Amino acid sequence: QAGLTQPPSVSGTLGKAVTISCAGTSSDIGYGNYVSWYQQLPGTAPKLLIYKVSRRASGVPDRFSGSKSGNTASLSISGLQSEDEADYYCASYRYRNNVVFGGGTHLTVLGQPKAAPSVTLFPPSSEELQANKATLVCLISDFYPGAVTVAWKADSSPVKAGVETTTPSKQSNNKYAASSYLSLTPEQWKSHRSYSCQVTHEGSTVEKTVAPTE
Amino acid sequence: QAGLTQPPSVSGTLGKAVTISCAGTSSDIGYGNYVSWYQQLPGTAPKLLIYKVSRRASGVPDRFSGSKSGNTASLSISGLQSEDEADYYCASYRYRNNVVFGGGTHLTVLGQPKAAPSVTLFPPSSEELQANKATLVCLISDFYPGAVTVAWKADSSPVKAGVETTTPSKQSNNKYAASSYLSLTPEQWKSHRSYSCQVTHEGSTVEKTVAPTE
Amino acid sequence: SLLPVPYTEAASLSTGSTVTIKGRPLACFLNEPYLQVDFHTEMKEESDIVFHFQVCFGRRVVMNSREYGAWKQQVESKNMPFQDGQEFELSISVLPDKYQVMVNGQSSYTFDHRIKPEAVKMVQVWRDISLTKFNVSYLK
Amino acid sequence: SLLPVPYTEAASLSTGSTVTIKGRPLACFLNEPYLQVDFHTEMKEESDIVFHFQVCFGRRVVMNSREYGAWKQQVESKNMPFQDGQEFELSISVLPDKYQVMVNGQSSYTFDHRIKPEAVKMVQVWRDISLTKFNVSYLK
Amino acid sequence: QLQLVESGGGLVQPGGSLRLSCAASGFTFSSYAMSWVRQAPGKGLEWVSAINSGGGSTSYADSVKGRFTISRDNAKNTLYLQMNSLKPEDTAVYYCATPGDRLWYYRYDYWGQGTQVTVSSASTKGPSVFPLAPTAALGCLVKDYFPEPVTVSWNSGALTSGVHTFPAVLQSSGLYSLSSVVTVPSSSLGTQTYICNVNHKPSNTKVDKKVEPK
Amino acid sequence: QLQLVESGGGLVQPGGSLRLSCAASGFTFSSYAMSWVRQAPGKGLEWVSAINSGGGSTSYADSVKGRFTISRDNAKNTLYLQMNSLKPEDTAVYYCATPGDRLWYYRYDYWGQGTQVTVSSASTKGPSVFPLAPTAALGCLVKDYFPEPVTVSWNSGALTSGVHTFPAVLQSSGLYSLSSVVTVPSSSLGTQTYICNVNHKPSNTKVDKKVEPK
Ligand SMILES: [Ca+2]
Ligand SMILES: [Ca+2]
């Protein structure tokens with residue numbers, strides 16, 4: 001059964017406009033005025049933006065508008081803001097199936113100022129070392145765009161083993177955060193001169209280093 | 001009969017406070033709560049500020065306050081503004097005499113920026129010269145403080161005869177205006193090289209000159 | 001001849017239904033009498049309001065809905081066909097997508113459906129008016 | 001037992017006079033019924049109002065005067081001694097410099113005289129209340 | 001909008017009579033007490049007379065008692081002041097004001113613009129009007145008139161921005177002169193016609209003077 | 001304030017059962033239809049079940065029909081979801097939402113925070129908590145737990161400003177780790193006690209860890 005089909009990714013420019021399409025069938029979008037649009041940030045409940053195809057929800061400004069033509073609905077967003085960089089879902093009643101949803105669209109808001117990551121590196125705690133384990137914790141904050149690559153070094157040489165890195169997640173200030181963890185034996189930690197976390201963001205690397213001799 | 005007695009002049013500083021006293025008798029201010037205060041700019045109707053000793057009139061901010069003690073009423077003005085440089089009158093009902101008024105107080109608001117006068121000088125018109133008369137018109141605008149002295153010159157020498165100068169008057173922008181007129185015979189106007197209006201404001205002279213050969 | 005005010009009556013509305021009210025303000029327009037018409041989801045007056053129509057005679061009309069006990073986005077109209085000290089006839093028609101409000105036979109206000117008119121169970125007419133007529137009519 | 005609403009009565013007030021009103025709101029506090037008490041300069045309801053007392057039940061009280069047909073500086077109070085769905089006793093006492101307003105025996109609001117209370121010729125009680133008592137009493 | 005407009009002022013010989021009128025609009029005139037308040041040149045305010053709403057009760061200042069009569073026509077919304085056996089000490093700007101009675105704590109909430117009364121053994125004298133040829137500044141010289149006031153408008157009241165009518169000079173001769181100047185764009189000179197409309201009601205002089213470049 | 005709070009989520013073996021609850025407050029629960037909506041990891045929203053105000057009419061998505069039962073207790077203001085014969089495809093965050101019915105155009109105006117359901121043949125694993133010793137940045141490392149979520153508070157909820165709890169990393173091992181860091185003034189180190197309160201409800205692990213300088 002064809003489902004509510006949305007583009008997985010769309011981009012719009014800060015201060016400008018963008019449209020998000022949602023293709024359905026004559027059983028759902030083309031059946032009545034039961035189209036809703038939701039905004040969502042990962043880890044939180046969706047928030048209603050539009051209902052009844054074109055009506056705005058509570059506190060939703062008029063720059064958010066909805067329409068439909070045949071079996072396809074569209075969400076239009078003008079005066080794009082940093083807050084608008086998020087996920088959007090269309091929904092409709094479908095004959096005998098209650099509410100059906102689109103797969104979602106991630107909206108990127110281009111033209112925002114570049115923000116370099118702020119990096120904090122923690123060495124293994126004395127408590128973890130007593131438990132015969134060692135974890136280096138590299139915390140990455142306040143970066144924009146929301147994409148980084150993390151490399152690790154044991155002294156001057158690259159180390160790929162025991163590296164675990166999260167995807168970026170949007171913060172309250174509309175910038176991004178991520179973390180990287182390097183697992184070592186307490187023996188490896190003490191045998192090397194130092195360990196470094198190197199974070200690359202938009203072609204620029206920021207590096208933090210910790211020594212067991214600190 | 002002693003009347004409502006106010007200080008003819010008071011000064012206060014911009015952003016600061018000032019009090020204006022009004023001394024009466026047990027027949028008026030000391031008789032009831034019938035004290036009113038009016039603001040006035042010369043040439044316009046007075047505007048009520050306070051009534052019933054301490055109540056504010058329509059659109060009058062709380063920085064204007066009134067009180068009384070025995071037979072004397074006081075108007076207090078805090079957060080002094082350029083607009084407050086004006087005349088103030090107290091009034092009270094007087095037993096068997098309806099409303100009695102004070103003689104008025106001129107309030108000067110010190111600490112305002114100094115503004116040099118803008119001077120325009122007009123020579124006699126061809127129409128006035130045909131009528132066997134000649135008037136030089138010296139118009140003085142936008143000066144602060146509101147005090148100027150005007151001197152006239154026939155070529156390089158001072159001319160005192162036929163000079164008529166107004167007192168300064170407050171403009172809408174809270175600066176002052178004045179004018180000076182020099183009466184001459186059409187023969188005097190044509191016989192001299194030039195005539196000048198010299199306006200002195202806070203020790204600085206601004207001069208304008210007109211030639212019959214223009 | 002006069003009906004009780006507040007006037008509360010059970011109702012069943014759909015496209016084609018018309019609620020006709022004939023009344024008069026109880027004060028001169030200078031004193032700002034009000035008229036309020038609320039289409040409720042339940043018989044309880046504290047229930048949600050699908051369509052709230054509030055006239056401030058001589059000043060304005062406000063329209064809104066109360067959902068989950070909270071007032072939503074207000075709509076304001078400066079249109080004032082109501083005349084000072086006069087009897088009025090107000091009729092509210094249920095169209096597929098909105099209510100169409102007539103005042104003395106003239107189309108005066110509209111309000112898009114926020115909740116289907118089929119959710120209405122009760123109509124309350126109240127505030128500073130005397131009421132002589134409350135009729136629910138239907139045309140398919 | 002009920003008095004007509006709007007209730008309009010001629011009056012003569014001075015220091016020591018008390019206007020006592022016993023009534024009940026006609027709606028639950030969630031629906032924001034109003035109560036309005038106006039001390040007028042003349043028998044005409046379009047006349048100036050020396051003291052306007054307006055309760056928005058469950059929300060606030062506004063007090064003002066209407067002079068030369070214009071509303072003046074509003075005073076607002078958030079004090080709400082009136083209880084939802086209950087009968088109230090409101091009494092307005094004329095003191096030398098102000099009105100002192102009691103609600104169910106408790107001092108609740110004050111309003112400084114803007115025009116002498118001797119200018120009052122009429123009192124009007126209106127809006128969303130039922131009225132059982134209106135008494136003018138005097139204590140020298 | 002509440003309005004009070006006095007009229008009837010002018011020049012009167014000593015011992016002569018004059019009737020002032022005050023036209024009320026924008027309020028229920030018959031509901032309020034009224035008063036006349038005057039202001040002599042360079043002096044304070046002085047209450048003259050008072051009348052209740054119905055017109056049955058009147059009162060007068062000791063200085064005017066037996067010479068002045070206050071009355072009102074509630075069907076015409078007009079207040080009057082009949083002034084007999086006039087004296088130079090009666091020379092003043094006369095204002096009608098309201099309420100000014102005991103129930104309103106004797107306050108004056110609203111005032112008229114005022115009407116000028118001059119008691120003198122002197123003849124009225126109409127002014128001579130001369131153009132002051134030309135942003136660009138141009139104007140009209142209103143010379144040698146008596147008594148005050150003169151009104152000046154530009155292009156029959158159409159032109160108001162950029163207009164500065166200066167307070168009059170009282171020359172040693174006993175005659176007044178004033179100037180009115182308008183600041184207009186240089187571009188408009190030639191294409192736009194500039195006329196000063198000068199009115200001196202005491203001598204019933206009406207002069208319309210076109211101001212052209214030399 | 002309207003609130004919806006889901007609970008009852010956790011780890012369940014395939015074929016097992018789980019009962020979710022949604023506690024409603026701040027509105028007349030018995031007046032509205034309710035729905036359960038779920039979101040699988042990295043996927044979109046999916047409507048699960050619906051119930052009318054009284055509880056007499058229910059509906060289910062084809063994927064859950066015959067395995068799930070929606071019910072409500074209007075005297076306890078609680079919505080339930082009884083889930084039987086659970087499958088890995090049932091793993092998701094489950095939200096209760098309202099109204100979601102035809103009369104309200106099927107919109108979801110209000111949502112709960114969601115409850116995590118994990119269907120897996122795997123055991124719960126409580127985390128190890130390690131301090132990350134110290135403006136000044138300090139924190140807690142919450143290592144190797146399963147399944148999500150863990151909650152982290154500081155000083156039993158008193159400390160909230162300056163707190164940044166990072167989204168968890170899912171390591172190659174199948175265990176999660178996260179870090180929570182608080183930015184505090186350098187002055188407070190020594191005088192102020194800093195404790196991270198870590199809760200992992202699936203394994204009923206509760207760890208309070210004091211973070212001290214080295
Ligand atoms: Ca109309
Ligand atoms: Ca109280």
# chains A, B, ... in the order shown; residues from 1 in each chain; ligands from 1

$ residues_near_ligand --ligand "ligand 2" --cutoff "6 Å" --atoms "only C-alpha atoms and all ligand atoms" --output "PyMOL selection string"
chain D and resi 81+106-108

$ select_by_dssp --residues "chain C" --states "helix (DSSP H, G or I)" --output "short mmCIF file (atom, residue, chain, number, x, y, z; two decimals) with N, CA and C atoms, in the first residue's frame"
data_model
loop_
_atom_site.label_atom_id
_atom_site.label_comp_id
_atom_site.auth_asym_id
_atom_site.auth_seq_id
_atom_site.Cartn_x
_atom_site.Cartn_y
_atom_site.Cartn_z
N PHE C 29 -25.35 51.81 23.95
CA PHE C 29 -24.03 51.41 23.43
C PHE C 29 -22.85 52.11 24.14
N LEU C 30 -23.04 53.36 24.63
CA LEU C 30 -22.00 54.09 25.39
C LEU C 30 -21.54 53.30 26.61
N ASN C 31 -22.45 52.50 27.23
CA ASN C 31 -22.17 51.69 28.43
C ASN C 31 -21.59 50.32 28.11
N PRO C 117 -18.93 20.98 13.65
CA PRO C 117 -20.17 21.45 14.32
C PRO C 117 -20.97 20.29 14.94
N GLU C 118 -20.75 19.03 14.47
CA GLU C 118 -21.37 17.83 15.05
C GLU C 118 -20.90 17.56 16.51
N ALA C 119 -19.84 18.23 16.99
CA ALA C 119 -19.39 18.08 18.38
C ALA C 119 -20.28 18.91 19.34
#

$ residues_around --residues "segment 88-95 of chain D" --least-positions-apart "4" --cutoff "10 Å" --atoms "only C-alpha atoms" --output "ChimeraX atom specification"
/D:13-25,37,53,81-84,99-113,117,131,133-138

$ write_last_selection --atoms "C-alpha atoms" --output "PDB file, in the first residue's frame"
ATOM      1  CA  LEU D  13     -25.008  59.954  49.036  1.00  0.00           C
ATOM      2  CA  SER D  14     -22.657  61.662  51.534  1.00  0.00           C
ATOM      3  CA  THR D  15     -20.061  60.637  54.199  1.00  0.00           C
ATOM      4  CA  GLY D  16     -21.769  57.930  56.298  1.00  0.00           C
ATOM      5  CA  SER D  17     -23.933  56.526  53.466  1.00  0.00           C
ATOM      6  CA  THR D  18     -23.674  52.806  52.621  1.00  0.00           C
ATOM      7  CA  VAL D  19     -24.970  51.050  49.485  1.00  0.00           C
ATOM      8  CA  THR D  20     -25.587  47.320  50.244  1.00  0.00           C
ATOM      9  CA  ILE D  21     -26.150  44.862  47.397  1.00  0.00           C
ATOM     10  CA  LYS D  22     -26.953  41.152  47.814  1.00  0.00           C
ATOM     11  CA  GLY D  23     -26.705  39.032  44.679  1.00  0.00           C
ATOM     12  CA  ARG D  24     -25.308  35.965  42.902  1.00  0.00           C
ATOM     13  CA  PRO D  25     -23.307  35.550  39.611  1.00  0.00           C
ATOM     14  CA  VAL D  37     -21.935  49.084  39.825  1.00  0.00           C
ATOM     15  CA  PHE D  53     -16.868  49.287  40.086  1.00  0.00           C
ATOM     16  CA  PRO D  81     -12.929  37.555  47.823  1.00  0.00           C
ATOM     17  CA  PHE D  82     -15.998  36.494  45.712  1.00  0.00           C
ATOM     18  CA  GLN D  83     -16.471  32.690  45.638  1.00  0.00           C
ATOM     19  CA  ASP D  84     -17.513  30.635  42.582  1.00  0.00           C
ATOM     20  CA  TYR D  99     -15.286  54.689  49.046  1.00  0.00           C
ATOM     21  CA  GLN D 100     -14.541  51.609  51.179  1.00  0.00           C
ATOM     22  CA  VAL D 101     -15.798  48.390  49.572  1.00  0.00           C
ATOM     23  CA  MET D 102     -16.615  45.305  51.693  1.00  0.00           C
ATOM     24  CA  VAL D 103     -17.257  41.820  50.283  1.00  0.00           C
ATOM     25  CA  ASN D 104     -19.018  39.426  52.723  1.00  0.00           C
ATOM     26  CA  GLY D 105     -17.979  41.647  55.665  1.00  0.00           C
ATOM     27  CA  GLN D 106     -14.282  41.955  54.659  1.00  0.00           C
ATOM     28  CA  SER D 107     -12.637  45.256  53.554  1.00  0.00           C
ATOM     29  CA  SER D 108     -11.663  44.440  49.936  1.00  0.00           C
ATOM     30  CA  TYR D 109     -11.249  47.613  47.760  1.00  0.00           C
ATOM     31  CA  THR D 110     -10.913  51.420  48.104  1.00  0.00           C
ATOM     32  CA  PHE D 111     -11.362  54.284  45.616  1.00  0.00           C
ATOM     33  CA  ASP D 112     -10.399  57.911  46.335  1.00  0.00           C
ATOM     34  CA  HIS D 113     -13.094  60.492  45.496  1.00  0.00           C
ATOM     35  CA  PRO D 117     -20.162  61.763  46.406  1.00  0.00           C
ATOM     36  CA  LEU D 131     -30.178  40.621  42.670  1.00  0.00           C
ATOM     37  CA  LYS D 133     -31.269  43.217  47.867  1.00  0.00           C
ATOM     38  CA  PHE D 134     -30.431  46.908  47.244  1.00  0.00           C
ATOM     39  CA  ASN D 135     -30.349  49.085  50.395  1.00  0.00           C
ATOM     40  CA  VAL D 136     -29.086  52.636  51.076  1.00  0.00           C
ATOM     41  CA  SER D 137     -28.286  53.118  54.797  1.00  0.00           C
ATOM     42  CA  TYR D 138     -26.838  56.069  56.692  1.00  0.00           C
TER      43      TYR D 138
END

$ closest_residue --among "C:28, C:139, C:61, C:120" --to "ligand 1" --atoms "only C-alpha atoms and all ligand atoms"
C:61

$ residues_around --residues "segment 110-116 of chain E" --least-positions-apart "4" --cutoff "7 Å" --atoms "only C-alpha atoms" --output "VMD selection string"
(chain B and resid 44 to 45) or (chain E and resid 4 to 7 9 to 10 92 to 98)

$ write_last_selection --atoms "C-alpha atoms" --output "short mmCIF file (atom, residue, chain, number, x, y, z; two decimals), in the first residue's frame"
data_model
loop_
_atom_site.label_atom_id
_atom_site.label_comp_id
_atom_site.auth_asym_id
_atom_site.auth_seq_id
_atom_site.Cartn_x
_atom_site.Cartn_y
_atom_site.Cartn_z
CA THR B 44 -1.73 78.84 25.28
CA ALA B 45 -4.35 77.83 27.83
CA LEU E 4 -14.53 75.25 23.79
CA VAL E 5 -14.20 78.22 21.38
CA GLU E 6 -14.26 81.81 22.68
CA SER E 7 -15.07 84.74 20.37
CA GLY E 9 -12.87 89.84 21.75
CA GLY E 10 -11.45 93.04 20.30
CA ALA E 92 -6.58 90.37 29.08
CA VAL E 93 -6.95 87.09 27.23
CA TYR E 94 -10.38 85.68 28.41
CA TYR E 95 -10.86 81.93 28.71
CA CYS E 96 -13.99 79.92 29.24
CA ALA E 97 -13.26 76.85 31.46
CA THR E 98 -15.06 73.94 33.06
#

$ select_by_dssp --residues "segment 73-182 of chain A" --states "strand (DSSP E or B)" --output "ChimeraX atom specification"
/A:73-77,87-94,98-102,105-110,115,118-122,134-144,149-154,157-158,163-165,169-170,176-182

$ residues_around --residues "segment 154-170 of chain F" --least-positions-apart "3" --cutoff "9 Å" --atoms "only C-alpha atoms" --output "ChimeraX atom specification"
/A:139,164-169,177-181 /F:148-149,173-184,193-198

$ write_last_selection --atoms "N, CA and C atoms" --output "CSV table (one decimal), in the first residue's frame"
chain,number,residue,atom,x,y,z
A,139,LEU,N,34.0,15.3,24.8
A,139,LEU,CA,32.7,16.0,24.7
A,139,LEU,C,32.8,17.2,23.8
A,164,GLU,N,34.3,4.9,19.9
A,164,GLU,CA,32.8,4.9,19.7
A,164,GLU,C,32.4,6.4,19.7
A,165,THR,N,31.7,6.8,18.6
A,165,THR,CA,31.3,8.2,18.4
A,165,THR,C,29.8,8.3,18.1
A,166,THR,N,29.1,9.2,18.8
A,166,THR,CA,27.7,9.4,18.6
A,166,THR,C,27.5,10.2,17.3
A,167,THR,N,26.2,10.3,16.9
A,167,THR,CA,25.8,11.2,15.8
A,167,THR,C,25.6,12.6,16.5
A,168,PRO,N,25.6,13.7,15.7
A,168,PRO,CA,25.3,15.0,16.4
A,168,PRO,C,23.9,15.1,16.8
A,169,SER,N,23.6,15.9,17.9
A,169,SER,CA,22.3,16.1,18.4
A,169,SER,C,22.1,17.6,18.6
A,177,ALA,N,25.8,19.0,19.5
A,177,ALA,CA,26.7,18.3,20.4
A,177,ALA,C,26.9,16.9,20.0
A,178,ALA,N,28.1,16.3,20.3
A,178,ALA,CA,28.4,14.9,20.0
A,178,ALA,C,29.4,14.5,21.1
A,179,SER,N,29.7,13.2,21.2
A,179,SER,CA,30.7,12.7,22.0
A,179,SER,C,31.4,11.5,21.4
A,180,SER,N,32.6,11.3,21.9
A,180,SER,CA,33.5,10.2,21.4
A,180,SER,C,34.2,9.6,22.6
A,181,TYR,N,34.2,8.3,22.6
A,181,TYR,CA,34.8,7.5,23.7
A,181,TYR,C,35.9,6.6,23.2
F,148,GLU,N,18.1,1.5,27.0
F,148,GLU,CA,17.9,2.9,27.3
F,148,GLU,C,16.5,3.0,28.0
F,149,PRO,N,16.2,4.0,28.8
F,149,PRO,CA,17.0,5.2,29.1
F,149,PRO,C,17.6,5.2,30.5
F,173,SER,N,29.5,-3.3,21.1
F,173,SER,CA,29.1,-4.4,22.1
F,173,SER,C,27.6,-4.5,22.3
F,174,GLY,N,26.8,-3.5,22.0
F,174,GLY,CA,25.4,-3.5,22.3
F,174,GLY,C,25.0,-2.8,23.6
F,175,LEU,N,26.0,-2.3,24.3
F,175,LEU,CA,25.7,-1.5,25.5
F,175,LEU,C,25.9,-0.1,25.3
F,176,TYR,N,25.1,0.7,26.0
F,176,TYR,CA,25.1,2.2,25.9
F,176,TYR,C,26.0,2.8,27.0
F,177,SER,N,26.5,4.0,26.7
F,177,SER,CA,27.2,4.8,27.7
F,177,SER,C,26.9,6.3,27.4
F,178,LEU,N,26.8,7.1,28.5
F,178,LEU,CA,26.6,8.5,28.3
F,178,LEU,C,27.4,9.3,29.4
F,179,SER,N,27.5,10.6,29.2
F,179,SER,CA,28.1,11.5,30.1
F,179,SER,C,27.2,12.7,30.4
F,180,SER,N,27.3,13.2,31.6
F,180,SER,CA,26.6,14.4,32.0
F,180,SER,C,27.6,15.3,32.6
F,181,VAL,N,27.7,16.6,32.1
F,181,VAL,CA,28.6,17.6,32.6
F,181,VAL,C,27.9,18.8,33.1
F,182,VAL,N,28.5,19.4,34.1
F,182,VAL,CA,27.9,20.7,34.7
F,182,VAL,C,29.1,21.7,34.8
F,183,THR,N,28.8,22.9,34.2
F,183,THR,CA,29.8,24.1,34.2
F,183,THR,C,29.4,24.9,35.4
F,184,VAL,N,30.3,24.9,36.4
F,184,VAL,CA,30.1,25.6,37.7
F,184,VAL,C,31.3,26.6,38.0
F,193,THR,N,29.2,20.8,47.4
F,193,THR,CA,29.2,19.4,47.2
F,193,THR,C,28.4,19.2,45.9
F,194,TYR,N,29.0,18.4,44.9
F,194,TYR,CA,28.4,18.1,43.6
F,194,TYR,C,28.1,16.6,43.5
F,195,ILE,N,26.9,16.2,43.4
F,195,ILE,CA,26.5,14.8,43.3
F,195,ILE,C,25.6,14.5,42.1
F,196,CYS,N,25.9,13.5,41.3
F,196,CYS,CA,25.1,13.1,40.2
F,196,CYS,C,24.2,12.0,40.6
F,197,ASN,N,22.9,12.1,40.4
F,197,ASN,CA,21.9,11.1,40.7
F,197,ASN,C,21.6,10.4,39.4
F,198,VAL,N,22.0,9.1,39.3
F,198,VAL,CA,21.9,8.3,38.1
F,198,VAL,C,20.8,7.2,38.4

$ residues_around --residues "residue 208 of chain B" --least-positions-apart "5" --cutoff "9 Å" --atoms "only C-alpha atoms" --output "PyMOL selection string"
chain B and resi 119-121+138+195-199

$ residues_around --residues "segment 94-96 of chain B" --least-positions-apart "4" --cutoff "7 Å" --atoms "only C-alpha atoms" --output "list in words"
residues 27, 28 and 100 of chain B

$ write_last_selection --atoms "N, CA and C atoms" --output "mmCIF file, in the first residue's frame"
data_model
loop_
_atom_site.group_PDB
_atom_site.id
_atom_site.type_symbol
_atom_site.label_atom_id
_atom_site.label_comp_id
_atom_site.auth_asym_id
_atom_site.auth_seq_id
_atom_site.Cartn_x
_atom_site.Cartn_y
_atom_site.Cartn_z
ATOM 1 N N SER B 27 -8.235 80.541 54.976
ATOM 2 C CA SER B 27 -9.481 80.704 54.204
ATOM 3 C C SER B 27 -9.391 79.935 52.871
ATOM 4 N N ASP B 28 -8.169 79.638 52.385
ATOM 5 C CA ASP B 28 -8.023 78.917 51.095
ATOM 6 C C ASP B 28 -7.322 77.543 51.135
ATOM 7 N N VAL B 100 -8.967 81.386 43.732
ATOM 8 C CA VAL B 100 -7.833 82.324 43.808
ATOM 9 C C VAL B 100 -6.603 81.597 43.218
#

$ interface_residues --of "chain C" --to "chain F" --cutoff "7 Å" --atoms "only C-alpha atoms" --output "list in words"
residues 68, 69, 115, 116 and 119 of chain C

$ write_last_selection --atoms "N, CA, C and O atoms" --output "CSV table (one decimal), in the first residue's frame"
chain,number,residue,atom,x,y,z
C,68,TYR,N,-9.8,22.1,25.6
C,68,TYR,CA,-9.1,21.6,26.8
C,68,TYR,C,-9.1,22.6,27.9
C,68,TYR,O,-8.1,22.7,28.6
C,69,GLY,N,-10.2,23.3,28.0
C,69,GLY,CA,-10.4,24.4,29.0
C,69,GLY,C,-9.6,25.7,28.8
C,69,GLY,O,-9.6,26.5,29.6
C,115,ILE,N,-13.4,22.8,15.3
C,115,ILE,CA,-13.9,21.5,15.8
C,115,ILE,C,-15.2,21.3,15.0
C,115,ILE,O,-15.9,22.3,14.7
C,116,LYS,N,-15.5,20.1,14.5
C,116,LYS,CA,-16.7,19.9,13.7
C,116,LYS,C,-18.0,20.4,14.4
C,116,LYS,O,-18.1,20.2,15.6
C,119,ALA,N,-19.8,18.2,17.0
C,119,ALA,CA,-19.4,18.1,18.4
C,119,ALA,C,-20.3,18.9,19.3
C,119,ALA,O,-20.2,18.7,20.5

$ atom_distance --atom1 "atom CA of residue 204 of chain B" --atom2 "atom CA of residue 137 of chain E"
24.2 Å

$ interface_residues --of "chain F" --to "chain A" --cutoff "7 Å" --atoms "only C-alpha atoms" --output "ChimeraX atom specification"
/F:44-47,61,105-109,111,113,130-132,169,171

$ interface_residues --of "chain C" --to "chain A" --cutoff "12 Å" --atoms "only C-alpha atoms" --output "PyMOL selection string"
chain C and resi 65-67+70-74+96-97+112-116

$ write_last_selection --atoms "N, CA, C and O atoms" --output "compact mmCIF listing (two decimals), in the first residue's frame"
# COMPACT_ATOMS: atom_id res chain seq x y z
N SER C 65 -12.49 29.88 20.33
CA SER C 65 -12.89 28.57 20.78
C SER C 65 -12.15 28.33 22.10
O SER C 65 -11.09 28.92 22.32
N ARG C 66 -12.72 27.50 22.97
CA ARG C 66 -12.11 27.13 24.23
C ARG C 66 -11.92 25.63 24.13
O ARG C 66 -12.89 24.91 24.00
N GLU C 67 -10.67 25.18 24.06
CA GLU C 67 -10.38 23.76 23.85
C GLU C 67 -9.49 23.27 24.98
O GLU C 67 -8.50 23.94 25.30
N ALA C 70 -8.87 25.75 27.64
CA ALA C 70 -8.06 26.94 27.35
C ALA C 70 -8.59 27.73 26.15
O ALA C 70 -8.90 27.14 25.12
N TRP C 71 -8.64 29.07 26.27
CA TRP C 71 -9.03 29.96 25.17
C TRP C 71 -7.94 29.92 24.08
O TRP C 71 -6.74 29.97 24.38
N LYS C 72 -8.35 29.80 22.81
CA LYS C 72 -7.36 29.72 21.72
C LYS C 72 -7.08 31.10 21.08
O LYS C 72 -7.22 32.13 21.76
N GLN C 73 -6.73 31.11 19.78
CA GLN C 73 -6.45 32.33 19.02
C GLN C 73 -7.69 33.13 18.73
O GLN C 73 -8.57 32.70 17.98
N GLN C 74 -7.74 34.33 19.26
CA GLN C 74 -8.88 35.21 19.07
C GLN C 74 -8.88 35.79 17.66
O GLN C 74 -7.82 36.10 17.11
N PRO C 96 -20.27 24.10 5.23
CA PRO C 96 -19.32 22.98 5.36
C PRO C 96 -18.01 23.30 6.09
O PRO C 96 -17.56 22.48 6.90
N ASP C 97 -17.42 24.50 5.84
CA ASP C 97 -16.11 24.86 6.41
C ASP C 97 -16.11 25.98 7.45
O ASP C 97 -15.08 26.21 8.10
N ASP C 112 -14.16 30.00 10.66
CA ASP C 112 -13.82 28.68 10.14
C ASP C 112 -13.93 27.64 11.23
O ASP C 112 -13.57 27.92 12.39
N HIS C 113 -14.46 26.45 10.90
CA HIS C 113 -14.59 25.37 11.89
C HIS C 113 -13.24 24.91 12.42
O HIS C 113 -12.34 24.56 11.63
N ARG C 114 -13.08 24.95 13.75
CA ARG C 114 -11.87 24.48 14.44
C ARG C 114 -12.13 23.06 14.96
O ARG C 114 -11.21 22.25 15.02
N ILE C 115 -13.39 22.77 15.31
CA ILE C 115 -13.91 21.47 15.76
C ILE C 115 -15.19 21.29 14.95
O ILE C 115 -15.88 22.28 14.71
N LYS C 116 -15.49 20.07 14.47
CA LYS C 116 -16.71 19.88 13.66
C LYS C 116 -17.98 20.37 14.38
O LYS C 116 -18.10 20.21 15.60

$ atom_distance --atom1 "atom CA of residue 74 of chain E" --atom2 "atom CA of residue 39 of chain D"
24.6 Å

$ decode --residues "segment 43-56 of chain C" --atoms "C-alpha atoms" --output "short mmCIF file (atom, residue, chain, number, x, y, z; two decimals), in the first residue's frame"
data_model
loop_
_atom_site.label_atom_id
_atom_site.label_comp_id
_atom_site.auth_asym_id
_atom_site.auth_seq_id
_atom_site.Cartn_x
_atom_site.Cartn_y
_atom_site.Cartn_z
CA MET C 43 -24.50 20.40 28.55
CA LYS C 44 -22.10 21.68 31.32
CA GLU C 45 -21.33 25.39 30.92
CA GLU C 46 -17.68 24.77 31.94
CA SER C 47 -17.28 22.51 28.84
CA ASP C 48 -15.29 23.34 25.72
CA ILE C 49 -16.66 25.95 23.31
CA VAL C 50 -16.48 25.07 19.58
CA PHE C 51 -17.64 28.63 18.63
CA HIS C 52 -17.67 31.66 20.96
CA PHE C 53 -19.26 34.80 19.53
CA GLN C 54 -18.90 37.88 21.75
CA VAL C 55 -20.29 41.30 20.82
CA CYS C 56 -19.12 44.39 22.71
#
